[PDB]
Amino acid sequence: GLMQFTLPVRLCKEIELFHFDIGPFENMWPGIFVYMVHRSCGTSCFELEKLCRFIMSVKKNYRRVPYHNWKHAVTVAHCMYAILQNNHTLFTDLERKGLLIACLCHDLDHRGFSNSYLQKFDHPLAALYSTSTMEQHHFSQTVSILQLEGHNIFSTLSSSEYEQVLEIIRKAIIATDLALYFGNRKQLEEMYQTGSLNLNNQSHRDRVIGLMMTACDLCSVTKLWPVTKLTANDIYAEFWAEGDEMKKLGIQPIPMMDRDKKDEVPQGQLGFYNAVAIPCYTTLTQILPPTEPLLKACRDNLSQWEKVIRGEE
Ligand SMILES: Cn1ncc(C(=O)NCCO)c1C(=O)Nc1ccn2cc(-c3ccccc3)nc2n1
Ligand SMILES: [Mg+2]
Ligand SMILES: [Zn+2]
């Protein structure tokens, strides 16, 4: 109970900032998460023994893939931590509990392949879940781990509170399906601009949490340039492996997934910043003004890709 987690001075300061990188020391990532739960939620939110056992079972169920790995899970949780800490009074007790867990679990048992590839391969998961295939699987894996003996971190919640928190987690994880992002952002854009956005309306909170999940999931574009640039290598290592697997099924992959078209990456990143990333953090900043540093960092990285195209790097 009186056992706090403390980080070294540089981490203690920088972990509060949106652009924090969790570093290459994997054995510190569990401690970083517990630190973030304790400051975000409270030292009383979870039984420490149960929380520690939950974290280590989650870690075990992330695979050794270039990008959709344990490091991604903790990185996405940190971006959510930074949002919650900068918007103290906007979020309920159950939301702060649910969302850090949802972020840690949102890509559980990822194989490094898109929903598209599972459908074309005719994977069993594509027959069980026709839409948001991998994301329904990630939620299914989260419930499985929560039901392991000694792993129920929500055990002190009432029946109805437990159902509310698992419903927060399910919607949050489903919302990481980028196919659902475009419509969700358009609706939030219209609600904000016509002034009908209402944070007491539950269907409205769901939309706003959904956008926070996209923002946290894409947060590679909100880091300092050298982190953003090196993370791109891992992203394209997965995309290009899936491209290779598309060619084995006798299907020309999109250029994003074709390693033969490496030369077009700079222009592809521009399109992504312009069509997905900048719109995401723009709308997020309108609804939650203190998340503006995410938008600033994204714009800084857009400018760096413009420099790559002009041969200045
Ligand atoms: C889903 N997700 N999550 C993180 C990121 C991300 O990229 N993060 C940068 C990390 O620094 C993405 C992502 O969708 N990126 C995209 C999106 C569309 N693209 C089109 C091309 C392209 C086209 C033609 C040729 C070469 C590439 N490349 C793309 N890359
Ligand atoms: Mg995912
Ligand atoms: Zn993810």
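Bear in mind these aren't lab numbers, they're just calculated from the coordinates by the rules spelled out. Neighbour counts run over all protein chains shown; Cβ positions are idealised from the backbone, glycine included.
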(message) Need the list of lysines near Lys247 for cross-linking: C-alpha distance under 19 angstrom, and skip anything on the same chain fewer than eight residues off.
(response) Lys120, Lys261, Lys262
(request) Quote to one decimal, in nm, the extra length available between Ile251 and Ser196 on full extension: 0.36 nm per residue of separation minus the C-alpha distance between them. (result) 15.3 nm
(request) Hey, for a label at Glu313 modelled as a point 7 Å past Cα toward Cβ, could you say which residues of the range 204-224 have their backbone N under 17 Å away? (result) 221-224
(message) I'd like the Kirkwood hydrodynamic radius of the chain, using the inverse of the mean 1/r over distinct C-alpha pairs, in Å.
(response) 20.3 Å
(message) Go through the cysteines of the chain and tell me which have no other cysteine Cβ under 4.7 Å away.
(response) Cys12, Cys52, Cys103, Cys105, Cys280, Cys298
(request) Once you've got the GNM for the chain with C-alpha springs shorter than 10 Å, pick whichever of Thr156, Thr142, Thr222 has the biggest mean-square fluctuation. (result) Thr156
(message) Helix-only estimate, please: 222 nm mean residue ellipticity of the chain, summing -39500 (n - 2.57) across DSSP H runs of length 4 or more and dividing by its residues, to the nearest 500.
(response) -19500 deg cm²/dmol
(message) If packing is taken as the average number of other Cβ atoms within 10 Å across a peptide's residues, how do 8-17, 60-69, 208-217, 256-265 rank, most packed first?
(response) 208-217, 60-69, 256-265, 8-17
(message) Hydropathy at least -1.0 by Kyte-Doolittle, axial extent at least 15 angstrom from the Cα trace: which helices of the chain, defined as entire DSSP H runs, fit?
(response) 29-40, 48-60, 70-86, 93-105, 133-146, 159-174, 178-193, 202-217, 225-248, 292-309
(request) Would you list, by chain and number, the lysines whose Cα falls below 26 Å from the Cα of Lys296, excluding same-chain residues fewer than 8 positions away? (result) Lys13, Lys71, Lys186, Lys223, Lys229, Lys307
(request) Starting from the Cα gyration tensor of the range 41-87, take the square roots of the eigenvalues, sort them a ≥ b ≥ c, and report rounded, prolate or oblate (rounded when a/c is under 1.5, otherwise prolate if a/b is larger than b/c, else oblate). (result) oblate
(message) Run the numbers for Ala275 and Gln147: contour at 0.36 nm per residue of separation, minus the present Cα-Cα distance, in nm.
(response) 42.1 nm
(message) Test of understanding: what is the full-extension gain from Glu306 to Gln85, defined as 0.36 nm times their sequence separation minus their Cα-Cα distance?
(response) 76.3 nm
(message) Just to confirm my numbers, what's the Cα centroid distance between the range 266-313 and the range 29-53 in Å?
(response) 32 Å
(request) Quick one: check the C-alpha center-to-center distance for the range 118-179 versus the range 67-114, whole angstrom. (result) 14 Å
(request) Using the Cα centre as the reference, give the magnitude of the dipole from point charges on the C-beta atoms of the chain (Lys, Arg: +1; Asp, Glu: -1; all else neutral), rounded to the nearest 20 debye. (result) 280 debye
